[PDB]
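As a starting point, one isolated chain is supplied in structure tokens, in the form deposited in one PDB entry.
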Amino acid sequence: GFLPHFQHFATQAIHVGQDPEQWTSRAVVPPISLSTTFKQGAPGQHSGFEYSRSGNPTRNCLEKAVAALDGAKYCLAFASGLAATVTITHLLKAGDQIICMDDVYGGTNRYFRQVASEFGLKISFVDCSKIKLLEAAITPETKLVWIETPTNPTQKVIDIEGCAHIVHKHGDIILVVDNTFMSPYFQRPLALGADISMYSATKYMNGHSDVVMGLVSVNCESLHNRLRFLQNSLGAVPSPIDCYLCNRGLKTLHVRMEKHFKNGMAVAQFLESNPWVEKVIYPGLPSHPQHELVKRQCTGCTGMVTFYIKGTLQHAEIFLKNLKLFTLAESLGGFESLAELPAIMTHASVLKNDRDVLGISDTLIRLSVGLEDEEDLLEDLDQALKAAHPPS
């Protein structure tokens, strides 16, 4: 009942940007070019690479590949997801307004609220999961709308096409979708009318818990030109070696994400039928309030499962303490299963009062279900919940 899978995604993940004819060696895998600079035939040269920060072989290959995966004309790679966000925010100018989804990655909240806001930029956090609130929030000064769907960590789901229609109805406003949770395998914001599909590649895109990186895919020519200028001019660029590592991780994205889905659904179903679990938030469950919308705008679901443990903070901590396969740690989207308590870990950067309004309570637990054997994951959760045994 989900959107059919995107045609040629695996083939393109494996081949786009990776053409052996690019290289004098005819290497089937692109070389890692670390060189900072490149020999020119003559000064002032509308041709070839000039300086690594501006462009380089290995990054350019990754970017072509990711663009294809997004269904985009262009992609730009960055030192981090947060650096991608900063770079996108520099598309604006003093006097402009930014609307940000109310529930986002704690670092996104922090950057807008505490940093961007000091540079002539007005920041409004709006629950864009209610389309009419986004509509009522847009002002003549609105230039950027920043959404996550599903949101990190409460996994509210936003109608991308509906928001796109609203945002584009009047004025000249950029709609960004931070697609970190879904990956382009399961969701294509550009197809749904977003102007930018952004990633923390640190999570699923790379998927190997060993690269910090951001990615920004785009179709519109002037917007690309503006972004490319800032990639070079702000210089928040990724190592070519990280570009290689990410591009390598991309070649298994399809097979990893299918297994994140299988395992994530299994975990989500298990927790929902568990008497020590108050509530489960998983887009793949009929219980999710936007489950049908998910099926309309996605081809599947990820390994991110949010739930509320019964009881108190104590029970949440005893549960986490008793995990023997899941690891207590920040981040998500890697091969290993992770568990965290956002209110005190990843979203400690979000003001407590906002946490409270958003439902990021002492008992909200976020899981990043990895690629381990399903039976081992379920047994780990089962024993850890029994160790906590909150009132049922």
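Throughout, we count residues from 1 along the sequence that is shown. So that the term is clear: the rigid core is the largest set of C-alpha atoms that superpose within 1.5 Å between two forms.
Judged by the one-third criterion across other entries of this protein, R59, modelled here, is also modelled in every one of those that cover both its neighbours. In the comparison with other entries of the same protein, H46 is left without coordinates in at least one third of those covering both sides of it. The PDB entry reports B-factors from which the mean C-alpha value can be compared for 209-217 and 289-297; the larger average falls on 289-297. Looking at mean Cα B-factors across 109-117 and 168-176, the upper value is held by 168-176. Per the deposited coordinates, the residue with the largest Cα temperature factor out of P30, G48, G334, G55 is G48. Take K64, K39, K352, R366 and read off each C-alpha B-factor from the entry; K352 has the highest. In this PDB entry, the Cα temperature factor of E375 sits in the top third of its chain's modelled residues, the highest group.
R26 sits in the middle third of its chain by CA B factor, as recorded in the PDB entry. Among all modelled residues in its chain, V145 ranks in the middle third by Cα B-factor.
Sorting the modelled residues of the chain by their CA temperature factor places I344 in the highest third. Annotation for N263: CA B-factor lies in the middle third of the chain's modelled residues.
Below: the form deposited in another entry, not depicted.
The residue that stands out in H208, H90, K295, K122 is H208, the single one whose Cα moves by 2 angstroms or more between the shown form and the other one on a rigid core fit. Once both forms are overlaid on the rigid core, the distance between the two CA positions of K279 between the shown form and the other one is 2 angstroms or more. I174 shows a C-alpha shift below 2 Å between the shown form and the other one [criterion: core-superposed Cα displacement of 2 Å]. In this overlay on the rigid core, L364 has a C-alpha that sits 2 Å or more away from its partner position between the shown form and the other one.
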